[PDB]
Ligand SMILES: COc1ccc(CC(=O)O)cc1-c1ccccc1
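Below sits a lone chain in structure tokens, taken as the form solved without this ligand.
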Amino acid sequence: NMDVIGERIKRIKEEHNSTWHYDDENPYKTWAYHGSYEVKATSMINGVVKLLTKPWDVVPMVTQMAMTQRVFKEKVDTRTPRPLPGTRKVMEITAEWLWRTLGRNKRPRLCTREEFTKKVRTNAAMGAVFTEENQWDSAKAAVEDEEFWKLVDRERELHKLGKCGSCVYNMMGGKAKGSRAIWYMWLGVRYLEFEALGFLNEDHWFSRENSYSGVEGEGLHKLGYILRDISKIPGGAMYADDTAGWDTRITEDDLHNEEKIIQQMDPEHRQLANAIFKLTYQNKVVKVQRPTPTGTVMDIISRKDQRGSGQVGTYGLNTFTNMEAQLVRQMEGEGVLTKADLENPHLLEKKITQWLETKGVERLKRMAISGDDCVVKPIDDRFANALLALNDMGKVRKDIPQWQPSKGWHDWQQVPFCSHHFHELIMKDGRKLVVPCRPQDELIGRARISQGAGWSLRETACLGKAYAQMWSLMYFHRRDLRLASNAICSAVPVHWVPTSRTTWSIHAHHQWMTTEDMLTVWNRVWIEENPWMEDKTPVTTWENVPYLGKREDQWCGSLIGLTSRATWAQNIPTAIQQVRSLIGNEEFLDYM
């Protein structure tokens, strides 16, 4: 093991030779511990959103979010039992077939310094781009620096030689302030993963068109429609089981299966991806910021299995592995795989290959898969109790005894997916919309959080305006959110550009980051560009933009019907005016 990780620990040890020591009392049980060294340390409430959402002031979920994968929890420090030999064979056959299916039209390729620089710059507009970004360590600054690219080249040369000298990721046990040199090693490590494996996201290998089960690039506004289209396929209930800490359940077998994509690469690409897989994915070196009685320390730990949650390519490889694990469960449900097949070290391929070649693509079309998140509509309900391979692969379902059957839904609208459920709304003109929805306390609680501190009223109001505009595009069908959205947009200067991100979700397309008229953006998203909207007649007024049924709105967290809500709705112009007075002499517009 030290042959692959030695150089990295050696360099960390050398750079921190003053405070370096081996703590005999380290909390690590399943991660190899190498040593520690001394280190430094360091969310505000959005007063604009808070002032305009008074009824939610002390509401439990909202108050919780104000305080509250990157964290090194108890579950990260566990081992997953090794899958059985027949299970390992099935996974290998399925991984091989899946990669060949996913690569039928696309060819893997290297991603570039220019692609990375463009992504950094375009996302730097929305504030922070990375977890390691300080007020001194800007990704935009680093990307503009030729010295950063020189270090990248030097690390690549080591990777070409089958060695790694500086590729490390970080975890939380008040982020430690480090050197520009340390930050460059981190960003360079991310660029090198991006160069070798970024094609998966950049070339949309997991788009629905390319992967059948995938939803990458679709957007939150299409997710409900995809679930409604899956509902039309004949079969059993729709299952959406949650895996307890998916990333900790990624086995050495899963890692070796994900690696098979290198077989489709050109030699110069194959060489660099092979180095990312073998040296960094299969031999992780992690820095964990741990508090001690004297001060704060940084632990240098390492391990072979599990998913490096901090590493580029995680989404795609998680999506790949989940698609694979769900096909295997589908096969077990269909009686293709028995307990005796999973235990068998000489399991015959014929029937697994036959099922994949004849039913595989149809079976992928029955799923909506986004990383560890899955919705499956099997051919019948034998799937509910087909748990032998799922548990054996290590994908143990969250908060349910291992052998208790899964509970599915017979209504796609009850199905949870990507932190949402989706409703079908009838418009006054008879056209139907399929909208995303989540508990309202979660949306308001999120909107009340400002990312960091020292943010001026102007920057704060603009984040609020971004949240308000997201609500008008995605959550317009919630009475309280449309009202709060209209109040926020009325209180914030009309020509001020919404800045900073509202969400880090892969499904967010940020159509709300504009000064363009929200009704126009709404029409473009839900009517013009909506493929499930056959009649393109534009909606000319918000009065024609529908709401959830009163009962469904209330069930999903609405405060409508309460006195505190009625009082808020009536007194809202007063709160808007107060926000206006503090912002000052600017151009405002009344949206109430």
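Start at 1 and count along the sequence shown; that's the residue number. Residues that one form lacks are left out of the comparison. We call the rigid core the largest set of C-alpha positions that still match within 1.5 Å between the two forms.
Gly173 coordinate gap across at least a third of other entries: Across the compared entries, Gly173 is left out in at least a third.
field: Other PDB entries, at least a third, lacking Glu133
entry: Yes, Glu133 lacks coordinates in at least a third of the other compared entries that model both of its neighbours.
message: So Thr541 and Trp542 are neighbours in the shown sequence, but is anything from the deposited sequence left out between them? Give the count as none, 1 to 3, 4 to 9, or 10 or more.
response: Missing residues, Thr541 to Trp542: none.
Unmodelled stretch of the deposited sequence separating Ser564 from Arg565, binned as none, 1 to 3, 4 to 9 or 10 or more: Unmodelled stretch: none, continuous chain.
message: Mean CA temperature factor from the deposited coordinates, higher in 176-184 or in 217-225?
response: The recorded data point to 176-184.
message: Mean CA temperature factor from the deposited coordinates, higher in 151-159 or in 289-297?
response: So the stretch with the higher mean C-alpha B-factor is 289-297.
Residue with maximal Cα B-factor (values as given in the PDB entry) among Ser472, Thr314, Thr503, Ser211: The C-alpha B-factor peaks, among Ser472, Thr314, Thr503, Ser211, at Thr503.
field: Out of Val545, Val49, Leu548, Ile560, highest CA B-factor residue
entry: Highest C-alpha B-factor among the listed residues goes to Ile560.
task: Within this chain's modelled residues, let me know which third the CA B factor of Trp532 belongs to: lowest, middle or highest.
output: Within its chain, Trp532 is a lowest-third residue by C-alpha B-factor, going by the deposited values.
message: Taking only the Cα B-factors deposited for this chain, tell me whether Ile352 sits in the lowest, middle or highest third.
response: Within its chain, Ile352 is a middle-third residue by C-alpha B-factor, going by the deposited values.
task: Would you mind ranking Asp305 by its C-alpha B-factor against the rest of the chain and naming the third, lowest, middle or highest?
output: Middle third of the chain for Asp305's C-alpha B-factor.
query: Is the Cα B-factor recorded for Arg397 in the lowest, middle or highest third of its chain?
result: For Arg397, whose C-alpha B-factor we compare with every modelled residue in the chain, the answer is the lowest third.
- prompt: Of the three thirds of its chain by CA temperature factor, lowest, middle or highest, which one includes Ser138?
  reply: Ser138: CA B-factor falls in the highest third of its chain.
Below: the form deposited with this ligand bound, not depicted.
- request: Using the partner position in the deposited complex, report whether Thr503 sits within 4.5 Å of this ligand, counting heavy atoms only.
  value: Contact with this ligand, yes.
- request: Evaluate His420 for contact with this ligand in the deposited complex, applying a 4.5 angstroms cut-off between non-hydrogen atoms, and reply yes or no.
  value: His420: yes, in contact with this ligand in the deposited complex.
task: Considering only heavy atoms, tell me if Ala508 and this ligand come within 4.5 Å of each other in the deposited complex.
output: Although this ligand is absent here, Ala508 would touch it in the deposited complex, with heavy atoms inside 4.5 Å.
- request: Evaluate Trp512 for contact with this ligand in the deposited complex, applying a 4.5 angstroms cut-off between non-hydrogen atoms, and reply yes or no.
  value: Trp512 belongs to the contact set for this ligand.
message: Quick check on this chain: which one of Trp412, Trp205, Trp522, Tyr475 has a heavy atom within 4.5 Å of this ligand in the deposited complex?
response: Checking each option against this ligand in the deposited complex, the one that comes within 4.5 Å is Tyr475.
query: So which of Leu223, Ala389, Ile276, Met518 reaches within 4.5 angstroms of this ligand in the deposited complex, heavy atom to heavy atom?
result: That would be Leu223.
- request: May I ask whether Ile5, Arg11 and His34 each come within 4.5 Å of this ligand in the deposited complex, counting any non-hydrogen atom?
  value: Looking in the deposited complex, the three residues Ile5, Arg11 and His34 all stay beyond 4.5 Å of this ligand (heavy atoms).
task: With this ligand left out here, work out from 94-102, 292-300, 457-465, 412-420 which stretch has heavy atoms within 4.5 Å of it in the deposited complex.
output: Of the options, only 412-420 has residues within 4.5 Å of the partner.
query: Which residues in 428-454 have a heavy atom within 4.5 Å of this ligand in the deposited complex?
result: Residues within 4.5 Å: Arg438, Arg446.
message: Once both forms are aligned on the rigid core, what are the runs of 3 or more consecutive residues with C-alpha shifts of 2 Å or more between the shown form and the other one?
response: Three-plus residue run displaced between the shown form and the other one: 69-74, uniquely.
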